[PDB]
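Asks: Residue numbers (the numbering used here), protein chains in the order written: chain E, 1 to 19; chain C, 1 to 440; chain Y, 1 to 310; chain H, 1 to 567; chain B, 1 to 281; chain U, 1 to 402.
Where a beta carbon is used, it is the ideal one built from N, C-alpha and C, also for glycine.
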Amino acid sequence: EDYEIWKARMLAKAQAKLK
Amino acid sequence: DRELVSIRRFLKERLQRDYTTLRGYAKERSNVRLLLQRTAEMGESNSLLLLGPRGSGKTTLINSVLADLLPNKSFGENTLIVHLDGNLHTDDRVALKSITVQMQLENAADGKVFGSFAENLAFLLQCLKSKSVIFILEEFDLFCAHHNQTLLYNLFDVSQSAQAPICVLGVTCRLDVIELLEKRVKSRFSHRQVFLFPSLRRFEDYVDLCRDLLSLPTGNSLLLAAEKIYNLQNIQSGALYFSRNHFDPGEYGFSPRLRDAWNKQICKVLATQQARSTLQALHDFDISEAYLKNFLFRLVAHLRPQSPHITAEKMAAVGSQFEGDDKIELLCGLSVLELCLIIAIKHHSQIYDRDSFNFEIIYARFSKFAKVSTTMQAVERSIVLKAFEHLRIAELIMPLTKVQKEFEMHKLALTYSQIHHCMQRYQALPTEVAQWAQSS
Amino acid sequence: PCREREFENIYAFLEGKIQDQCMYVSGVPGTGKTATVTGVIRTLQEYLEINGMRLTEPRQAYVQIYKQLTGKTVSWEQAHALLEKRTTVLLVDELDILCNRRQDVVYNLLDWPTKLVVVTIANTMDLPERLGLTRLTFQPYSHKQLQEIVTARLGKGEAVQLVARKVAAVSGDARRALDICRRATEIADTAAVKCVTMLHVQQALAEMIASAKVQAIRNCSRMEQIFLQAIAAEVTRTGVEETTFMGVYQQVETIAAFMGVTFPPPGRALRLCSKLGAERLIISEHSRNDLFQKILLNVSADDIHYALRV
Amino acid sequence: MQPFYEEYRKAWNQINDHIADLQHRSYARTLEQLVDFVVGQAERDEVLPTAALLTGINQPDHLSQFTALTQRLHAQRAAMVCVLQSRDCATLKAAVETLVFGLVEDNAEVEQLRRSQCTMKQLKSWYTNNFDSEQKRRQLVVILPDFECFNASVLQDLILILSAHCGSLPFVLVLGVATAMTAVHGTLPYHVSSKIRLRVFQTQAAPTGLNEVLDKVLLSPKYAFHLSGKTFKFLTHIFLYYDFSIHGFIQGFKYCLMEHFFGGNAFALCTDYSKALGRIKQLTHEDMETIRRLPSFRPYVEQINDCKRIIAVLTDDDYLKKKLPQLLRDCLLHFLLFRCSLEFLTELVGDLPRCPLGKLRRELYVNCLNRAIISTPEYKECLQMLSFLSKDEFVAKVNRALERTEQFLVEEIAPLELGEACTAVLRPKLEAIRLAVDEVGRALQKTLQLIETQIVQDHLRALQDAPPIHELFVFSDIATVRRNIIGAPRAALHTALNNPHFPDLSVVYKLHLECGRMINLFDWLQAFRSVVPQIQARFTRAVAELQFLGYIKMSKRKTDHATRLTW
Amino acid sequence: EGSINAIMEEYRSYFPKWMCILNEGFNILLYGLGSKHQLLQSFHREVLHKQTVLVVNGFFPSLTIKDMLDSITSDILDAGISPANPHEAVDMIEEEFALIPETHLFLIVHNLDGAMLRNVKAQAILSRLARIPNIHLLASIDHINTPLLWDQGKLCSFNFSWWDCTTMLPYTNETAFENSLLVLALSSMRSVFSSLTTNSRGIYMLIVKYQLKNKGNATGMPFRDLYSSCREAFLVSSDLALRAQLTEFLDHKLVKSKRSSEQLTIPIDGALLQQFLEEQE
Amino acid sequence: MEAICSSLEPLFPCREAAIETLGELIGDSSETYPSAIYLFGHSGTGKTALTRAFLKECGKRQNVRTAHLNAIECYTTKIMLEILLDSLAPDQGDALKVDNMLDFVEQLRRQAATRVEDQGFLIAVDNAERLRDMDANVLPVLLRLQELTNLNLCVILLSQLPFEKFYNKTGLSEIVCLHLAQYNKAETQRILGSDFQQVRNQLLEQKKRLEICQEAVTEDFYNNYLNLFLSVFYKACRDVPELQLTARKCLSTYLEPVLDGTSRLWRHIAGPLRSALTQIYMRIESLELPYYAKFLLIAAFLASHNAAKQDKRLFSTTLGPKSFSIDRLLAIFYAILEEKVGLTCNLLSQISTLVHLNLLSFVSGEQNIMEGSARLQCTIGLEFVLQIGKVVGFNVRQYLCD
Ligand SMILES: [Cl-]
Ligand SMILES: [K+]
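1) Determine the chain Y residues that contact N168 of chain U at a beta-carbon separation under 8 Å, and present them in chain order.
2) Say whether chain H places a C-beta atom closer than 9 Å to the C-beta of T64 of chain B.
3) Taking 9 Å as the CB-CB limit, is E212 of chain H close to chain D?
4) In terms of alpha-carbon separation, which member of B:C156, B:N159, B:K154, B:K213 lies closest to residue 511 of chain C?
5) Tell me, please, whether the CB atom of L329 of chain U is closer than 9 Å to any CB atom in chain B?
6) What separation, rounded to the nearest whole angstrom, lies between the Cα atoms of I485 of chain H and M258 of chain H?
7) Measure the CB-CB distance between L511 of chain H and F528 of chain H and report whether it falls below 9 Å.
8) State the Cα-Cα distance for the pair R274 of chain U and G393 of chain U, rounded to the nearest angstrom.
9) Which residues in chain C sit within 8 Å of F163 of chain U, going by Cβ to Cβ distance?
10) Does the beta carbon of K19 of chain E sit closer than 9 Å to a beta carbon anywhere in chain H?
11) Just checking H247 of chain H against ligand 2 - is the residue's beta carbon closer than 8 Å to any of the ligand's heavy atoms?
12) Enumerate in chain order the residues of its own chain whose CB-to-CB distance from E13 of chain C is below 7 Å, with the five nearest sequence positions on each side excluded.
13) In terms of alpha-carbon separation, which member of B:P147, B:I76, B:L33 lies closest to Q51 of chain B?
14) Check this for me: beta carbons of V456 of chain H and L360 of chain H, under 9 Å apart or not?
15) Can you tell me whether DSSP reads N520 of chain H as helix, strand or coil?
16) Could you tell me which of H:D215, H:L175, H:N265, H:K10 sits nearest to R339 of chain H, measuring between CA atoms?
17) Quick one: is the Cβ of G153 of chain B within less than 8 Å of any heavy atom of ligand 2?
18) Could you tell me which of H:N520, H:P170, H:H74 sits nearest to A42 of chain H, measuring between CA atoms?
19) Can you pull out the residues from the region 307–332 of chain H whose beta carbon lies closer than 7 Å to at least one beta carbon of chain E?
20) Helix or strand or just coil, what does DSSP make of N107 of chain C?
21) Let me know the secondary structure DSSP gives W262 of chain C once reduced to three states.
22) What is the rounded straight-line gap between the Cα of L121 of chain C and the Cα of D92 of chain C?
23) Measure the alpha-carbon distance for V25 of chain Y versus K33 of chain Y and round it to whole angstroms.
24) Figure out for me which residue from U:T262, U:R267, U:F229 has the closest Cα to the Cα of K249 of chain U.
25) Could you say which of H:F244, H:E378, H:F147 lies nearest to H356 of chain U if we only look at CA atoms?
26) Hey, is residue 312 of chain B close to ligand 2, as in C-beta under 8 Å from one of its heavy atoms?
Spelled out as structure tokens, the structure:
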């Protein structure tokens, strides 16, 4: 898996966690 | 007593020296004498060449002719002789240097440049202007072997161009020496001017030579010879190659009685059959003067106060020492194991018609003999290999050609008769080896 | 010319093997075998000739056989193969050379017809014994034939026949005879006479003996001459020009034993060989290779003959 | 200069110095022995004395030996030595010249002409002039590093010359031989061998030295840099299966280390815990990125609660740069514990028969880094084997293990920083085990279980199951380095000629394969023409290229046929 | 045509690492399919730059390792011409480079395979050289059995870093010299000479020696002297055998017979002839 | 001259005749020398020491300038000339120069003399076998050196070979040949028995043991021991020095029993005697290979033993090892390997390293290894190969066709 996609995924998961 | 010592000294010195005196060869002597007379007295130039078997005193003939021709002084002051030798004077430059030195012109040539050999020889010859040179080249073929044959080319060119008085006396034992010359050199060389030295074919002359060499001459003869040599030693700076350390018979003096007795004995000895047959053998073999002088030197050297009389038995003895075989002696010198190896190789060579052999085969055979031997028991491998090596180093075994030491293929350098004579002569065989070599 | 029976023999053999769809001739060089054989091969008016000298290597024989058989050129192995796979007459000249080296080529070559026609020409008649077919021995010209040839050249009586017989007796070989005849004829021409006398022959003889090599040989010692003769004998027996010391020494022992002379051991013979080698009568290498040193002969038979046997 | 390069240099120099020290220690004994022998001859005929060194099958490793011996003999002021390389002794002249000139230059070096005039007479005269009445004689030593490569004749003649000149000159010569003395006896005859009077000397072979350097250097806790099991095994493989070259191992290792640290400034952290923090301070966003990118980081970013911290890690560098001194700490401490655990387990697994899991610490190291120890049946077998000895043997065994790991902790961890930590973590477990042993059938399996859970499970973990960012200190990526060191070109040419990874040559190659062994040019050309004036030229050049590569050879075995050399 | 170009640009991007590699006492080596000439030339053109950078064209058969040692010893070391024995020159080079640090010499060997670099001695010399830390070696390989002539020491001295670098382009300059049957030459002759038998080689040595001994004058050799010398050495059975051998030499076009007496001219320069005799030693 | 022989006879017994004749030839300086002498005899005949002593005594008691030399040292003529001249021209050092043979002859000729002080020169060239391997003008000039220098001088040539292996291709001069053959058993035993008092005194100097030792040592005892020694040794070796040394050591070993309170002593001396007899001509005081290397080597040996078309089935011994095409070796290797690892440069480097270690040796075309096709040859085997097979565990005997 790519690093940027992973970073973005975790970022999305965080943005999902904040909600 | 002292007399025997005197005589022995005399004969030794006569044999190993006496560079000038030669017996016979009147025509050749006269021929060379006349040619040198031309070049010296008349001042023209020539190229002579002497062929003859190695051993015959041809250089001695040259020395004799010079010995007779030099002391005339009319010839002495004018001419000078230059000796050159193919073994020593190589590389041409060395020869030219030695020519410069031998002409006594090293100082007059010191510190000067020269474009080529010719331009240097020209200067050397110019310095003489008058005077004349007699070049004497021993081992001519070795000079033919030189690069471009420059020395020969220039010498013969000077001989052909008739410029300056020089004579080129070549000396060799090589018949086809003329074929070794380059066209340019061969053209400038006087063809059919070569003279062959016939040597003493007749046996009576050989025996007579021997008689002359062993016998003692009259006091007057010795005196005259001495005088002539002394006269020779005073010519030039006294640096001729047949003047230095000459026979000098003026150092020996023999009483009439001693002379008569000695010469009588010599004649008596050479009168017999055995001596004559010994000389006959030598003559059959090599018919050269050197061989005779060797035999005679050995014969004379063995004169002692114990046996002051020279006899035919001694001649036959030394003759026997000459006829001997060295390889069979050395073979007898060997050890048992080594000889057993030789026997194995002989078997292998006899059975397989001289097929090359390998250590393993010889070791196999020797082992096959060893396992059933009383003496060669409990001796295996290492020592055998050492013995093999020893045989290889002594060249009793030649190798035909990194390969393995044990697996090297060889040829054997002995004749069955020699090994047989060895067996017969070797002391003391352990009987098993005999039978082992006897059959099967 | 006087050789006609051999010509007919060869002709008969070849014609026979041609019609019916391995001969072995041998003789000394002075017999002229190749001329006769080629003569018969010319008289018939597949054939391919081979010479042991024209081949740099005996194994290269297969290559030349190839080129002669099927063009153009291939390695000796593939040649051995194509040969292995297989009227075709084949003449071999100077086979002694080829046989002297490796022997495989000749044994093969003689195995090959047993299964075509190959004729092998030799200088010896015992080489197959040193390792089945029809053999032919070329003898030298007889004394009578020699006299006939000499008389034919000069052109039972009388004077011409006398001089002819003399020349034939002295010469021994036909070549030497014809040579002496030539020289005698030259002297006859120079002396402004039509017929050749005896003094002419005597003069030619003296002039032939007066040469440098002959006198040189005449100046040699007895053992040396015996050694030369021994080398010659070795060359005659082997068929090869180069000899090796051993055989020479054997021949020396034979000749010496015949002459009653006791020849010295090998060492002195190596000395002798070296001396003669140095004087350029023969050609020899050092003697470091005793028994195995190669002795070339540099005098020829004619000179030895004029030197020793005249 | 860059930091990673500075760390590279420091590490490399440390390691090299260590290895050099070990080698010096290894050589010191035989060296001293040699010097003793030489002076022994110096004290007190016709035969020259010699000393044979059995340095088997690594000629270029043992030059430093002779050099050291030269330095030592020079330091001893007992002699002067010349060394003759078989390359400089093609002829006897060159040998004697090189010998004399060498000795002269050596004297010139110690005291602090031309080769054309280096006769034995000149040497004898020189020796007589400089010191004939010392009174205690010097010695002329003549080293022959490569005995196998020497010419037999030149060697024999040389030995004979030297032997002849004895008495007047005190000659000595050492024979650096690869094979046994059989080569010496095989190369020299008896009449030459009877002038040598040799004394055989032995040196430890490359394998033992490798086990030594491996055990003492690469497994030392001092170094923060470690090799993956695969790399370790690869180096030891190429060593043990091909060249027994210590040098080749050292250089391969060097290439691995270089290839490792050249990843970026981020790998500058691979140092003592103290020197790393400055680098943490010095690091930049790119380094944070490259340390973020590597594996064993995502599982760390995964195993965590409070996602604000996750985003703090992924986004803010300064926050991530606060975790580093703990992560690095954990890694270093972990590998410390790892080695400390190896030292203990190796004593327990090694002594056993069969030796399924390992015998040497390196074998365990590899086997442990590669896979989990508990999962593999070898360990289970080892346990099954351990549970049978019992009695004084087992007790003594575990006692030896404990004593060993203790001694190791005192000797090899004390001076190291983070040694107090490692000791503080490990020592109580060793005490617990020691008590579990002092308790000692059932307590046996209890003790074994205790050892397993206390050491093997948590300390000797695999590489997969290893602390966060176990990289930087460990170097995998064996394939690339392997390709760069090993050099197998024919495979590359083959695959490059078969199917281009990126084509007349290829077709010609394909037909060339299709052929067999021998190839007629015409049908080859016609086939090449079947597949595809100009074409003929193409074919010719192609065949010429094949000829240049060495796949086909122009043979004369048949009329216009080429013979392929490949299979 | 764009793919190979991109791959070239990649291999051009490979550059900056190789310098760092070379700095650390390593030497890089390329085993590509196609020619790596342009690559090494580009590397020399861009990366190296500076001063003191040598180049070696291994495919030129006219060269010798001797003149190369002379070449490096001449200007760079400024010591003069290198001594006769290459290893002595290497000793000098070692001493002098050891004497002068911080002056690195980059040498590039196009096609290290040879010839002339097929001989083990040349590889030994190049190993001894590359073993020096001052200088740096950029060799290229193409032939298959190239690593057959490298023993342990040489391969160890050649601290080699292997790189694929498989280019697809020819092999024009390299293949231009590789003569084939599908179409005098100095390289070919030694092999043609090696294929001969002992005696033939001996004869060739006699004639080439005689030719060498008489290179000046501008006026060998007669068939007579050859026959004499050959017969004297027992290398030939008779005249026809020698003539046959000469014919075999004529077929391979090594020797040339000019008849006028029969002169046997060798149609080649004397320098390469001296090189020939030198190699034949 | 009689004093010389009288002076040498003690040092060299059983050599009276040789000394006499060799004395007749060179005895007195005032008498002319033979200009060339060549005595031949096997190694250890004592010829070199005899010549040396002769030269020494002549040098002492007469006005002669000696010059001893070994021919092996003379890798070029200039060295020979330098040595000889420096030895013949005394008190001349670091100042003499000799360019070539001519200069040498000239300088020796320049040394000169006067008759009244009847001086002499005599040269001794040990191991003269080499002379015929240098320049090919050295020998003929040396054998004629007297006549070239017009100087009362004589050249002596020692060797093992008969002179008939010295003759040149051109013109060798005349030379006096002598001979020395090894001593008969009695003479050898006498020479070995002569040193009784010395070894006795030495043994005494070397305490009840020394007493019983002193009590039981006489010429008869020694001679008996020597008789045994000769009985066991003399068959394989007649080199007297070797016999001396080996007899001394084996004498010690033969001596120790009688000292321990104990004929026949044959047993525990025969052991050492044979064990020493095998260890003669040598003075006194497990090859680890890689895997693929070992496999290359044993493959090579399997290629050596089994030859030609047996590779089909598989994959005269006394004659030797066969030749290998590298391809055949690699084939046999990959055939026998049964691991099938791809070739790497290191492996071909392994085989090159193998041939470099002289474990393998090629025979044909060392240059055309790449162009095809050099021929390698295996040297070692078979015990070592079996050892390898036992180390790895591979059965070599299985593949040997025999
Ligand atoms: Cl001796
Ligand atoms: K370097």
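Replies: Let me spell this out:
1) In chain order: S274, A278, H286.
2) no
3) The chain labelled as chain D is not found among the protein chains of the depicted structure, namely E, C, Y, H, B and U.
4) No statement about residue 511 of chain C is possible, as the shown extent of chain C runs from 1 to 440 and does not include it.
5) no
6) Each residue's Cα considered, the two are about 13 Å apart.
7) Yes, these two residues count as a Cβ contact at 9 Å.
8) Distance from the CA atom of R274 of chain U to the CA atom of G393 of chain U, rounded to whole angstroms, is 37 Å.
9) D326
10) no
11) no
12) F247
13) B:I76
14) no
15) strand
16) H:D215
17) no
18) With respect to the C-alpha of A42 of chain H, the residue from H:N520, H:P170, H:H74 having the closest C-alpha is H:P170.
19) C307, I310, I311, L314
20) coil
21) helix
22) 12 Å
23) Rounded to the nearest whole angstrom, the CA to CA distance from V25 of chain Y to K33 of chain Y is 8 Å.
24) U:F229
25) H:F147
26) One cannot answer for residue 312 of chain B here, as it falls past the ends of chain B, which runs 1 to 281.
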